[PDB]
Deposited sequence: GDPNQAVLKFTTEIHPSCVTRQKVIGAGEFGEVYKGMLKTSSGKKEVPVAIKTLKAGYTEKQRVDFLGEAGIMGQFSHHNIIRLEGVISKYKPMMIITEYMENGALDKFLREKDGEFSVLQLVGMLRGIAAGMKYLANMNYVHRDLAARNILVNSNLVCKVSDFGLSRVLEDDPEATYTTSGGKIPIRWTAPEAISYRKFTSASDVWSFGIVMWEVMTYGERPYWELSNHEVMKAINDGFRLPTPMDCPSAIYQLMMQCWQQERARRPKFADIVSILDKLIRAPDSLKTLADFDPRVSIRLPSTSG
């Protein structure tokens, strides 16, 4: 990580809360940045977790992972400073832009998220909280995997049941993210409670296709939701498939049937 001097950082507005501090938008000497602070009184564990987060983030160098600008560790409050993405988090972005993108644009966002996840998994970094709310979107529509902290309905069964978090449980979550993107940010499983979601999964039910969804994309998300972890695609498989679909874009014109929940009869 690069150490940044505090005189170069201007905090401007609060945009969220940290484990023992706040998150701000600000400017870095000017480029806009996001700034997470660790405020006076933090515990030893909080310091270890905070500087540990900075240290792992400093290792990430990929187009589809949030970029660390630097850290303030030599002065108080300590800070983690990242690039700032003006379109914000992906879940809110898509809900505010319903129906505004082409299928190819949506699938391109998924390819980018998958490439970032392949990078993390390859680095032996298990995300554990992959969801559209933890993905940032830049002004080129590039998605940057991030983690803002605390998700039953995004989590694989083995991770819920016995705390087995691996890249393969992240693949399950990625399938949910695919469904979030293709629905413009719908809530997975709609109004079902967390217990009803787990019961449905265990009974064998899976999310139905989004509207206007390429058949290949629904097939892929379905294979991310295999109960048996060993049967799920690896991230390398996901990236490869998405890349090939984008590069032969007529492949995306074949749509999965959408199951009507409502019948409208007209003459």
message: Lining up the deposited sequence with the coordinates, I want the ranges that have no C-alpha atoms.
response: 1-10, 40-45, 167-185, 303-306
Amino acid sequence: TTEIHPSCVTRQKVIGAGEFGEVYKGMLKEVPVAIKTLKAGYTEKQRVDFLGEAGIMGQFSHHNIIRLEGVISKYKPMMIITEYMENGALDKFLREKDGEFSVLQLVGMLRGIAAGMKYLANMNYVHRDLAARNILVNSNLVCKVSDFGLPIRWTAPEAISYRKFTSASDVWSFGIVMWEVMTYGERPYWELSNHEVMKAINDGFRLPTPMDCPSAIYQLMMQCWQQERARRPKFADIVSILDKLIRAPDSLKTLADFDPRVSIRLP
From here on, numbers count along this sequence of modelled residues.
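Rigid core: the largest C-alpha set superposing within 1.5 Å between the two forms.
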task: Between 72-80 and 190-198, report the one with more C-alpha displacement in 9 other deposited structures of this protein relative to this form after a rigid core superposition.
output: 72-80
message: Between 58-66 and 30-38, which one shows the bigger average Cα displacement from this form in 9 other deposited structures of this protein once the rigid core is aligned?
response: 30-38
- request: With reference to the PDB entry, specify whether the mean Cα temperature factor is higher for 2-10 or for 258-266.
  value: 258-266
message: Please compare 104-112 with 76-84 and say which has the higher mean C-alpha temperature factor in the record.
response: 76-84
- prompt: When the CA B-factors of 26, 233, 214, 210 are compared as recorded in the entry, which is the largest?
  reply: 26
- request: Would you mind checking which of 60, 225, 218, 205 has the top Cα temperature factor in the PDB entry?
  value: 60
Cα B factor band for residue 149 (lowest, middle or highest third within the chain): highest
- prompt: Lowest, middle or highest third: where is residue 241 by C-alpha B factor in its chain?
  reply: lowest
- prompt: Looking at the C-alpha B-factor of residue 56, is it in the lowest, middle or highest third of its chain?
  reply: highest
- request: Within this chain's modelled residues, let me know which third the CA B factor of residue 40 belongs to: lowest, middle or highest.
  value: highest
field: Chain-relative CA temperature factor third for residue 65
entry: lowest
